[PDB]
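**Q** Below: one structure in structure tokens.
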Amino acid sequence: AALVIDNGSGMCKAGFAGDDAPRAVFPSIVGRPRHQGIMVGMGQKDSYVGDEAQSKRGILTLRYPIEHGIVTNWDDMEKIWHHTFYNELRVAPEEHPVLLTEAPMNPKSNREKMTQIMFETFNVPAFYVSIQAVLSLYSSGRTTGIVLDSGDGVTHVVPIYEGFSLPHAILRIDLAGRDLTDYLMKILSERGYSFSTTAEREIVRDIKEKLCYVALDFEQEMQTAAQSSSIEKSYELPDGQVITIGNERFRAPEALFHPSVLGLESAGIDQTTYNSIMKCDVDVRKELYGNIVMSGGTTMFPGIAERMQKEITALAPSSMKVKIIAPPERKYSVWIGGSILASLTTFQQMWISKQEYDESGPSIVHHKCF
Amino acid sequence: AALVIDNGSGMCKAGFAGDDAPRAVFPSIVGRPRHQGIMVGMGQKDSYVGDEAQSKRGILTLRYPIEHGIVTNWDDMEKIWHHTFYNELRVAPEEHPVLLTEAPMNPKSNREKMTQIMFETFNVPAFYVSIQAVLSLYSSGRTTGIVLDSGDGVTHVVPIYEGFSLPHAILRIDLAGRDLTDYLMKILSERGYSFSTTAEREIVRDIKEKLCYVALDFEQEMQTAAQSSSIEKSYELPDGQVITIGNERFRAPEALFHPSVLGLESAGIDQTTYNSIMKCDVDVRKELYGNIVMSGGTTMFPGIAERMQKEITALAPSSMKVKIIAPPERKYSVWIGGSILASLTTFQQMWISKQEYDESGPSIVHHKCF
Amino acid sequence: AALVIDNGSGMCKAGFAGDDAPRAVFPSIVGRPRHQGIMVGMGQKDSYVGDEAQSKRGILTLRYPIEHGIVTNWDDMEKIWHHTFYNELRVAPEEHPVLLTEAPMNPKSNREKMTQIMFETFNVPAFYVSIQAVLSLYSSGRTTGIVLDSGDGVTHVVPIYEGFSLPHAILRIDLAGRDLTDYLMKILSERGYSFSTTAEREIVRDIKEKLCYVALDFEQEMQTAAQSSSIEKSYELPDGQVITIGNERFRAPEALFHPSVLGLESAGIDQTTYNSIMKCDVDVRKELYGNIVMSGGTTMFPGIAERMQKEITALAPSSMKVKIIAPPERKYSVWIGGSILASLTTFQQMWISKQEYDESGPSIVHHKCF
Amino acid sequence: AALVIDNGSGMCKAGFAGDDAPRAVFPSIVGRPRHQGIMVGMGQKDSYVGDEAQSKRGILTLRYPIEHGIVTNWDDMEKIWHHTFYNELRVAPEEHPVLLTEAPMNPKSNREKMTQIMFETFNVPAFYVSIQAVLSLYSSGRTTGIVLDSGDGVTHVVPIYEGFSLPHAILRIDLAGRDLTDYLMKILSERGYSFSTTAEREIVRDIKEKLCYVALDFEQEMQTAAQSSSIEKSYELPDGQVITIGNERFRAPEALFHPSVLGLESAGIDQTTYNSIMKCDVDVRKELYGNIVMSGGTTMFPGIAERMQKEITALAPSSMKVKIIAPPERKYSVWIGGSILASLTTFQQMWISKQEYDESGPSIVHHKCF
Amino acid sequence: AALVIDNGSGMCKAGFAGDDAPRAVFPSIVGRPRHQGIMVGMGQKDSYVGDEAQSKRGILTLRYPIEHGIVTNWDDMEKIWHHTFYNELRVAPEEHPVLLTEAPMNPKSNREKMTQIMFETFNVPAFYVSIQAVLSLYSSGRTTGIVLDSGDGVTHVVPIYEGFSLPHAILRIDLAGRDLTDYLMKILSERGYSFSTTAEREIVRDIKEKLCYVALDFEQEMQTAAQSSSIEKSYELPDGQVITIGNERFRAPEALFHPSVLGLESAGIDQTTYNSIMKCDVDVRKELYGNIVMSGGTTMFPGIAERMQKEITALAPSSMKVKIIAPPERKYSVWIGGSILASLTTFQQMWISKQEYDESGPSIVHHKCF
Ligand SMILES: Nc1ncnc2c1ncn2[C@@H]1O[C@H](COP(=O)(O)OP(=O)(O)O)[C@@H](O)[C@H]1O
Ligand SMILES: Nc1ncnc2c1ncn2[C@@H]1O[C@H](COP(=O)(O)OP(=O)(O)O)[C@@H](O)[C@H]1O
Ligand SMILES: Nc1ncnc2c1ncn2[C@@H]1O[C@H](COP(=O)(O)OP(=O)(O)O)[C@@H](O)[C@H]1O
Ligand SMILES: Nc1ncnc2c1ncn2[C@@H]1O[C@H](COP(=O)(O)OP(=O)(O)O)[C@@H](O)[C@H]1O
Ligand SMILES: Nc1ncnc2c1ncn2[C@@H]1O[C@H](COP(=O)(O)OP(=O)(O)O)[C@@H](O)[C@H]1O
Ligand SMILES: [Mg+2]
Ligand SMILES: [Mg+2]
Ligand SMILES: [Mg+2]
Ligand SMILES: [Mg+2]
Ligand SMILES: [Mg+2]
């Protein structure tokens, strides 16, 4: 048996290898109370974590300890993994090897410290790290294809061909679900709803996750939303006030396709996907315009696959096939991929041993892990 | 064992912790005789106190030493506490720790001097102070909720969530039972009954406490009382004259809901409750429109909970639940709360020691007490 | 000629373009009488406005019609502008184009309705709106710099570089002079002075505006004010009672730097200034840690510029220059900026014409105005 | 039975003697993967070979192990023959004698090592080597004639008369299909198509093999291609981009006739054919200007036989017959010749025995083989 | 008089013939503003160019219009030449003949369009184009030698002997200063510094240009940098943050010698230099292993000449002299060469006349120019 952990930028996911879904899924938040606890005997916790910090969030400040795939507060990341093992999953980490997951292009000391914690704090017997996107080929059941991952923290494009990683053609893009949440909060001020707080940041996250959709023609839908209320769905806040959302319902996720809206130098996930395909080779692109795998929760918007089709077919060569492979499992495809990978018998020889970590410190990972 | 004292703005309440009701309940009045004592050998007392000063009030002037939760004559407050311990409760204060109670937002030197007296005059071995409203959550058996206290002296609204005190959302309001007594005396002049004296102020207090009720539609009941005597109950004074009370029977307590009648800048206990809920957060209001706890003797009017329902449901968001939690114990809910709090074993480490008061003077309270 | 109006959250300012100061300066208050006018022949006005409502305030309720830069009662805002043109400035609005001013990030329907009134009610011939902070660069005579505005209603940080607005790096912060007034009123209860009324809210505003100052070391000055009366200045109320102000003299404006005191999620104007600089780019920050322009009446506290220096230099990179550009004109720097902008000949082509407002309704502003 | 192997400089060909075509035909390439194989369980092969290395070429580097008829990496040549016997042809080499083929004028240690491998590695029971060109007389069914072979690696002219080899009149010429591929890649840069990679070298090979043709008047067709698009056919790359090919469509194969274009000292296959005929004798040329046999894949261009006619008739004596014997089988004429030769019963006494190789080492070949 | 223009892939250089250095040197960038220009009267330019776009780069997007020696946006190239003549050099192009410069092997329509612009847009009276590398022999004062040019865009190796161009032995290689900048940015992510923007791409260019050096033993210096901080110099960004650079200080320019690091099929400038020498002839190599001229800004790394010595002496024949002729002028050696060439009186008959361009269009260049 082995444990698979998405270590998600947004939702953490964890479970046993060989399962079809993670068992623990919870937001990767640590909540700190921001007020004096006047009532004796409530035993107020000094730091809530996961969905506890959701339920109490009104009295809390919520912080993600992982920003853009970089762990920004390790002591909180420790609290999150501790909660995962003991409270949320109820498993002994000393008994089971752990497959962690990381974004690509990720600062090397992050992968180092990650294993320093996982061995010296949790005493995991054997361990591995793998790239979020790469696992999506396993959950797709494939050996070729270009993966759009788009977590809360990072969008990264990873072309793979015949199990070779084409590492020079990875594009990493900082548009991600968290930044779409923030941009929605920025434009949702246009109707005069104020949501500046982190407790309200979470509400804007729910509004995005439920009511938003990707425009299939941004200018036409801007025109029709200026002409008609047809699009103007309405949401009910945790205080029971109703709000109505105009063209913001799609102007927000359109940021994925014109990042100049966020002022970013980058380019849309469409154009950067195309550009990664252009970058990889002439030989393989025949097999990468088809078989565009797509992954992670930000790729969950309605209409996103259709927009990707339209854009890539507008960028790819004339009479080149395009196929945006978008399962319904996108939100878990990374974890499912890790579950498959850890299941494979032909992988059980690859785990980094605790004994090897005793032979050499965390730097061992840069030798053993790819 | 410990002693719990409401130190009420109106009725004092005192008793032992772990009891279900206070044992000493008496009006917080000191009476001074206002005439020459011509009869030798009666041993006329230079100052009556409590219900002694009730029974003799015709020859006395009655003064409350505590006004709007501020102790205005400490030497009389000393007489009241002395009477409590020795005459009314018959307990040694040197043997028992005392939980006093205070209104919130209360001038800091009041809490200082309160403890300076309680240690240096009464030599109490250990001591604490707590907020009147907060105790009502203990007597409600709760950890969330917004408390309307309305003593004789102060109305104060205190939202609490998960034992955090949301201190920025406390609203303190100077409409209170004493000022309703005075306003009733003002309008009861309209029938030509004169009650200007303090001895008659007490009679107006009894008239209010027995015959008045909160209108559920002030304009409609004004109309029907103009149309019909149906409401016109009658009271019999301590001299046996009968009086009849017209629409004054509800026009007086309606002051709680339109303080412009008293010319106050403030706003009704309904609208200020709603406004405190608006002030606290967006997250918690879901749990504060429900679970509106209500406390203190002025909240005892018939119809007040129904009016609160009507008003808050008229102010709170559409499809937001409202529940005015109004036990029958309202008149003692503060004291019962203190009895529970002092009972808790997990509180016995919090008492301010006499030894600590010897380490630092009364200012110690602002460190130890919250 | 043209008219420039600050439309201030607190003090309104208005005057002609090309002047060095506004001619009309008055508090943006409408006062309603709260009592029966028993004396015949006084001609009592149904609503006083501006400094009339100051002089009569004892019998009035005072309401600001503009809250946090949002016009909350347009009919009163109309009364304020009407008073400005006809009573206070004595100018015909039909004859002169008007430059209004708005806070940034401000609800879009506010800017719409603002122009709907300005054309259809006042028949202004041509019109414009501009961001309060942006004008401060004109009154500084600059084309780069980050502006702290802090009116009565809104603190907003606006970085500008080479005349490009870096709109993604605007931080809007709800700490402002009005909320410092309210917090001072909250803590000034600690000495037992009660000022709950709006008529007394104005007195607390004067106390703040005269006697308060920003602490340069909050903990040290708390210590020394606990040790010594050296800081304890005294104020004389409009009734001639004297009051003394302890550490409240600086504990109140310290709210600008630890908003957790107000329970706000936000962060101090120092840390949010630094964070806006971090947000804008890597290229320009060299020119924004220097040239921190500062604006609006809340930035008028003694010691505030020194504290900003200390904090930003504690946050900015080592060996990065910091310069808090704080003229004496701060209280008018917005209006002076508008006066310059309206003066420029190279701006006279930008006014929204009445003819254009006849071609398209108030929504025209979102096209013409930036 | 016997096995016949062309050991081609470009396409390998192998099959059984007495067949009319080779059964295994595949490019003589070994492909090495050039990237990290990140996917576990694909079993990535350390070296692909033949048409496997075609299909995967995008991730590979492709190397021919035989350059200009010289085996440049014997370990790869071993892999190619191993693939031929076991994977591609599925035959046991221990059971069948093998006729290998070599270019003429070829470094003697090549023929030595070739047999050292064929006996000691593959344990072939009996063996022979013969000259590529000479076999073409057998597949032509002739005993006189001059053979232009032009493989990928070597052009060599071999006059034969009455079965005597005229060995002093062999001309060996290093213009060959591979070098025409490279030159086409050089000039195809003139339109700005870049194909520098070996994976793209293969694409240029396909472009040459499909669209190019030999000009029948190079200057006139240069003129007409400058005048008109009539010649400008278009190709579609493996990525689906279209390209158009101008005069490059014939300027490339014209290198065979003006090698000064490649900067080579040599002379065209026309002039070197004529010069070999001049070199051989006066007696036989009557039978060699007629009966110019032509062989190998580079002789497959459209128009090449017509150009040979024009050139040789311009060089050969007046009133001398010229006949360029160009079957359609040119691409296999060598192998078919070997199939006939190995078929002949009057050849079965000529095989080098394994027993003879045990009597004397590989040097035995220079005695037995001619 | 005549004007000489390097038309550099990276830094443009221009000046008068007969000077010892170019007078205008500036980066060949056009900058477009990426934000709304809110300040009236700044006259914001729609496109900055050269070192203007450096100074303002924080608000710009920077694009090179020339990629790998191919002009990719002619309208921007026009802006660059216009800036050169009028703003940066302040010369009338109608009065002076212009020597432009091009990379070799360069798409023929580029040289065409280049002259179409130079005559029809700038009305230059007479004109020429020459190969970047070839000019380096003039600035070396030589008639033999093999030139490594390595601009920002192209590395190209050009052997020349006795003034004959050996055109079949030119090797063109796409490793160049821009791609080393990009690779440094890729590995500099390993320390967690993010520089993905073009504005930050320029900063990575400065970091490379100042702190990087070519390793003389890549494995040994990797070992010693793993053992010791001795190499770990530090840079200070335009925001004043310090960074430290580990083995990246040499791992980046090592890409020139193992392009497999960039995944390129190509081979190091050492091995490709050797291979060009192998390709040219047997006669001349005696004079090309000596007299390896070296050119262009990418050849400016410390240690590069020593590494070239080590590698070429490891590849060249035993007891063959090797001499890497590396002046200090490398960064300008092309321009200086053009200055000499345009100076020569025996060149003044070679200019393409405007009259000849009127006789035949831009295709004239392919006749006149070599
Ligand atoms: N149905 C949905 N519509 C729009 N956005 C969604 C939806 N579901 C999830 N998301 C976005 O995806 C985020 C989760 O991303 P996740 O896959 O957990 O990142 P990671 O892969 O790093 O764990 C959510 O917080 C939300 O912002
Ligand atoms: N049944 C009743 N109806 C109306 N008013 C009442 C009733 N009972 C008590 N009150 C009011 O409540 C007052 C007592 O308030 P109390 O709770 O003693 O204040 P505190 O909480 O400060 O002790 C009485 O004096 C009277 O004015
Ligand atoms: N000298 C001062 N010291 C402290 N606070 C001041 C001083 N002068 C003005 N203020 C504060 O600034 C407020 C005015 O802000 P103002 O600039 O009018 O806002 P706006 O920019 O929206 O018009 C005053 O009401 C007061 O609260
Ligand atoms: N139809 C064609 N047109 C032009 N060139 C061709 C054609 N067919 C084959 N070739 C060239 O001939 C090459 C094969 O030569 P080949 O006969 O295999 O050499 P060898 O005789 O050494 O085996 C091909 O790779 C290609 O370059
Ligand atoms: N001292 C240096 N160290 C390392 N690299 C340098 C140095 N000087 C210049 N370069 C590189 O050379 C580039 C300039 O190349 P350049 O000669 O202008 O190309 P071109 O020959 O096409 O004009 C610089 O942008 C930089 O990348
Ligand atoms: Mg994930
Ligand atoms: Mg009480
Ligand atoms: Mg203002
Ligand atoms: Mg062959
Ligand atoms: Mg150059």
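Quick note on naming: the chains in the structure tokens go A, B, ... in the order shown, residues restart at 1 in each chain, and ligands are numbered from 1 in order of appearance.
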What lies within 7 Å of residue 31 (chain D) using only C-alpha atoms, ignoring chain neighbours under 2 positions off, as a list in words?
**A**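 The neighbour list is residues 29, 33, 47, 48, 49, 53, 60, 61, 62 and 63 of chain D.
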**Q** Could you please take those selected residues and save C-alpha atoms as a CSV table (one decimal), in the first residue's frame?
**A**
```csv
chain,number,residue,atom,x,y,z
D,29,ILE,CA,19.4,4.0,-39.6
D,33,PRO,CA,16.9,8.5,-27.8
D,47,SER,CA,18.3,2.1,-29.5
D,48,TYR,CA,15.6,2.0,-32.1
D,49,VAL,CA,16.6,0.7,-35.6
D,53,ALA,CA,13.5,4.8,-35.7
D,60,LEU,CA,15.7,10.5,-31.6
D,61,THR,CA,19.0,11.3,-33.2
D,62,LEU,CA,19.3,9.3,-36.4
D,63,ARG,CA,22.7,8.1,-37.6
```
**Q** May I have the residues within 7 Å of residue 369 (chain C) as an MDAnalysis selection string, using only C-alpha atoms and disregarding those fewer than 2 positions away in the same chain?
**A** chainID C and resid 128:129 365:367
**Q** Kindly save the residues from that selection, with N, CA and C atoms included, as a PDB file, in the first residue's frame.
**A**
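Final output, saved to part.pdb:
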```pdb
ATOM      1  N   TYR C 128     -16.376  66.664 -16.640  1.00  0.00           N
ATOM      2  CA  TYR C 128     -15.425  65.566 -16.528  1.00  0.00           C
ATOM      3  C   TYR C 128     -15.362  65.050 -15.096  1.00  0.00           C
ATOM      4  N   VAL C 129     -14.834  63.834 -14.965  1.00  0.00           N
ATOM      5  CA  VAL C 129     -14.557  63.188 -13.687  1.00  0.00           C
ATOM      6  C   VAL C 129     -13.121  62.695 -13.704  1.00  0.00           C
ATOM      7  N   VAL C 365     -20.115  58.166 -20.066  1.00  0.00           N
ATOM      8  CA  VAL C 365     -18.953  58.496 -19.243  1.00  0.00           C
ATOM      9  C   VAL C 365     -17.931  57.371 -19.248  1.00  0.00           C
ATOM     10  N   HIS C 366     -18.394  56.123 -19.202  1.00  0.00           N
ATOM     11  CA  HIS C 366     -17.463  55.004 -19.178  1.00  0.00           C
ATOM     12  C   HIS C 366     -16.659  54.881 -20.465  1.00  0.00           C
ATOM     13  N   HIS C 367     -17.095  55.532 -21.541  1.00  0.00           N
ATOM     14  CA  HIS C 367     -16.307  55.611 -22.762  1.00  0.00           C
ATOM     15  C   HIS C 367     -15.356  56.800 -22.746  1.00  0.00           C
TER      16      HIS C 367
END
```
**Q** Skip residue 221 (chain B) itself and residues of its chain fewer than 6 positions away, then list as a list in words all residues within 12 Å of it, counting only C-alpha atoms.
**A**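 Answer for this query is residues 213, 214, 215, 227, 228, 229, 230, 231, 232, 246, 247, 248, 249, 250, 251 and 254 of chain B.
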**Q** How would the residues just picked look written out with C-alpha atoms as a short mmCIF file (atom, residue, chain, number, x, y, z; two decimals), in the first residue's frame?
**A**
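Once everything was written out, this is selection_34.cif:
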```
data_model
loop_
_atom_site.label_atom_id
_atom_site.label_comp_id
_atom_site.auth_asym_id
_atom_site.auth_seq_id
_atom_site.Cartn_x
_atom_site.Cartn_y
_atom_site.Cartn_z
CA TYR B 213 -46.91 46.19 27.58
CA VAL B 214 -45.15 46.66 24.25
CA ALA B 215 -47.43 47.56 21.36
CA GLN B 227 -61.72 54.35 19.75
CA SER B 228 -62.27 52.17 22.81
CA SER B 229 -61.58 51.75 26.53
CA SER B 230 -60.68 48.08 25.93
CA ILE B 231 -57.07 48.73 26.98
CA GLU B 232 -57.81 51.04 29.93
CA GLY B 246 -55.08 54.95 28.74
CA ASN B 247 -52.77 54.56 25.75
CA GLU B 248 -49.94 55.45 28.13
CA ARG B 249 -50.07 51.74 28.96
CA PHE B 250 -48.06 51.14 25.77
CA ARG B 251 -46.92 54.60 24.63
CA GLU B 254 -42.73 52.21 22.83
#
```
**Q** List the neighbours of residue 354 (chain E) out to 7 Å using only C-alpha atoms; skip same-chain residues closer than 5 positions along the sequence, and give me the result as a PDB file with N, CA, C and O atoms, in the first residue's frame.
**A**
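Listed below is the output, out07.pdb:
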```pdb
ATOM      1  N   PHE E 119      16.209  51.582 -50.529  1.00  0.00           N
ATOM      2  CA  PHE E 119      16.056  52.524 -51.635  1.00  0.00           C
ATOM      3  C   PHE E 119      14.726  53.266 -51.599  1.00  0.00           C
ATOM      4  O   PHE E 119      14.702  54.500 -51.657  1.00  0.00           O
ATOM      5  N   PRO E 125      21.443  56.828 -51.795  1.00  0.00           N
ATOM      6  CA  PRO E 125      21.922  56.960 -53.179  1.00  0.00           C
ATOM      7  C   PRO E 125      22.618  55.718 -53.701  1.00  0.00           C
ATOM      8  O   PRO E 125      22.444  55.366 -54.874  1.00  0.00           O
ATOM      9  N   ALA E 126      23.404  55.037 -52.868  1.00  0.00           N
ATOM     10  CA  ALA E 126      24.015  53.779 -53.267  1.00  0.00           C
ATOM     11  C   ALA E 126      24.269  52.936 -52.028  1.00  0.00           C
ATOM     12  O   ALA E 126      24.353  53.447 -50.909  1.00  0.00           O
TER      13      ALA E 126
END
```
**Q** Hey, can you check how far CA of residue 352 (chain D) sits from CA of residue 23 (chain D)?
**A**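 Taking CA of residue 352 (chain D) and CA of residue 23 (chain D), their separation equals 24.4 Å.
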**Q** Which polymer residues have any atom within 12 Å of an atom of residue 36 (chain D), counting only C-alpha atoms, with same-chain residues fewer than 4 positions away left out, as a CSV table (one decimal) with N, CA and C atoms, in the first residue's frame?
**A**
```
chain,number,residue,atom,x,y,z
A,160,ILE,N,4.5,15.9,-23.6
A,160,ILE,CA,5.2,14.6,-23.4
A,160,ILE,C,5.0,13.8,-24.7
A,161,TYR,N,6.0,13.1,-25.1
A,161,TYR,CA,5.9,12.2,-26.3
A,161,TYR,C,6.7,10.9,-26.0
A,162,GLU,N,6.0,9.8,-26.2
A,162,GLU,CA,6.6,8.5,-26.0
A,162,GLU,C,7.3,8.3,-24.7
A,163,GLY,N,6.8,9.0,-23.6
A,163,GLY,CA,7.4,9.0,-22.3
A,163,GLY,C,8.6,9.8,-22.2
A,164,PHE,N,9.0,10.6,-23.2
A,164,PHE,CA,10.1,11.6,-23.1
A,164,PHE,C,9.5,13.0,-22.8
A,165,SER,N,10.2,13.7,-22.0
A,165,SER,CA,9.5,14.8,-21.3
A,165,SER,C,9.7,16.2,-22.0
A,166,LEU,N,10.5,16.2,-23.1
A,166,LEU,CA,10.7,17.4,-23.9
A,166,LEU,C,10.8,18.6,-23.0
A,167,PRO,N,11.8,18.6,-22.0
A,167,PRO,CA,11.7,19.5,-20.9
A,167,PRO,C,11.9,21.0,-21.3
A,168,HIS,N,12.5,21.2,-22.4
A,168,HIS,CA,12.7,22.5,-23.0
A,168,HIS,C,11.5,23.2,-23.4
A,369,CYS,N,15.0,11.5,-8.2
A,369,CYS,CA,13.7,11.8,-8.6
A,369,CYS,C,13.7,12.7,-9.9
A,370,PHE,N,12.8,12.3,-10.9
A,370,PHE,CA,12.7,13.0,-12.1
A,370,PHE,C,11.2,13.0,-12.5
D,32,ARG,N,19.0,6.7,-31.7
D,32,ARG,CA,19.3,6.8,-30.2
D,32,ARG,C,18.4,7.8,-29.6
D,40,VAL,N,7.6,5.8,-16.3
D,40,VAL,CA,7.9,4.4,-15.9
D,40,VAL,C,7.0,3.4,-16.7
D,44,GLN,N,11.3,1.9,-22.5
D,44,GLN,CA,11.9,2.6,-23.6
D,44,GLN,C,13.1,1.9,-24.1
D,45,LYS,N,13.2,1.7,-25.4
D,45,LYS,CA,14.4,1.0,-26.0
D,45,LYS,C,15.6,1.9,-26.0
D,46,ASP,N,16.7,1.4,-25.7
D,46,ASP,CA,17.9,2.2,-25.7
D,46,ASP,C,18.4,2.5,-27.1
D,59,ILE,N,11.9,12.2,-31.3
D,59,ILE,CA,12.7,12.1,-30.0
D,59,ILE,C,14.1,11.5,-30.2
D,60,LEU,N,14.5,11.2,-31.4
D,60,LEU,CA,15.7,10.5,-31.6
D,60,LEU,C,16.7,11.4,-32.3
E,260,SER,N,22.9,20.1,-26.3
E,260,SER,CA,21.9,19.1,-25.8
E,260,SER,C,21.2,19.6,-24.6
E,261,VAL,N,21.9,20.5,-23.8
E,261,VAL,CA,21.3,21.2,-22.7
E,261,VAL,C,20.1,22.0,-23.1
E,263,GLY,N,18.5,21.1,-25.7
E,263,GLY,CA,17.8,20.1,-26.5
E,263,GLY,C,18.0,20.3,-28.0
```
**Q** Select residues of chain B: the criterion is any atom within 8 Å of an atom of chain C, counting only C-alpha atoms; output as JSON, numbers by chain.
**A** {"B": [105, 106, 107, 108, 109, 168, 265, 266]}
**Q** Could you list, as a list in words, all the residues within 7 Å of ligand 2, counting only C-alpha atoms and all ligand atoms?
**A**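 So the residues close to ligand 2 are residues 6, 7, 8, 9, 10, 11, 12, 150, 151, 152, 153, 177, 178, 181, 205, 208, 209, 210, 212, 296, 297, 298, 300, 301, 331 and 332 of chain B.
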**Q** Excluding residue 217 (chain D) and residues on its chain fewer than 6 positions from it, collect all residues at most 10 Å away from it, counting only C-alpha atoms, and give them as a count of residues only.
**A** 4
**Q** I need the residues in region 152-319 of chain A that are helix (DSSP H, G or I) according to DSSP; give them as an MDAnalysis selection string.
**A** chainID A and resid 167:169 177:191 198:211 218:227 229:231 248:251 253:256 259:262 269:280 285:287 297:300 304:315
**Q** As an MDAnalysis selection string, please: the residues near residue 272 (chain B) (cut-off 8 Å, only C-alpha atoms, same-chain neighbours under 4 positions excluded).
**A** chainID B and resid 157 171 267:268 276
**Q** With N, CA and C atoms retained, could you export that selection as a PDB file, in the first residue's frame?
**A**
```pdb
ATOM      1  N   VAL B 157     -25.870  45.949  23.416  1.00  0.00           N
ATOM      2  CA  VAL B 157     -25.967  44.837  22.483  1.00  0.00           C
ATOM      3  C   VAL B 157     -24.571  44.260  22.310  1.00  0.00           C
ATOM      4  N   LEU B 171     -22.805  47.691  20.685  1.00  0.00           N
ATOM      5  CA  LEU B 171     -23.568  48.932  20.717  1.00  0.00           C
ATOM      6  C   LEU B 171     -24.127  49.127  22.118  1.00  0.00           C
ATOM      7  N   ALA B 267     -31.244  54.931  18.589  1.00  0.00           N
ATOM      8  CA  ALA B 267     -32.194  54.240  17.757  1.00  0.00           C
ATOM      9  C   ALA B 267     -32.657  53.013  18.501  1.00  0.00           C
ATOM     10  N   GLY B 268     -33.801  52.507  18.079  1.00  0.00           N
ATOM     11  CA  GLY B 268     -34.439  51.479  18.852  1.00  0.00           C
ATOM     12  C   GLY B 268     -33.562  50.260  19.008  1.00  0.00           C
ATOM     13  N   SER B 276     -25.825  46.274  14.851  1.00  0.00           N
ATOM     14  CA  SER B 276     -24.681  45.530  15.372  1.00  0.00           C
ATOM     15  C   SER B 276     -24.406  44.286  14.539  1.00  0.00           C
TER      16      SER B 276
END
```
**Q** From the options C:112, C:102, C:239, C:200, which residue's atoms come nearest to ligand 3, counting only C-alpha atoms and all ligand atoms?
**A** C:102
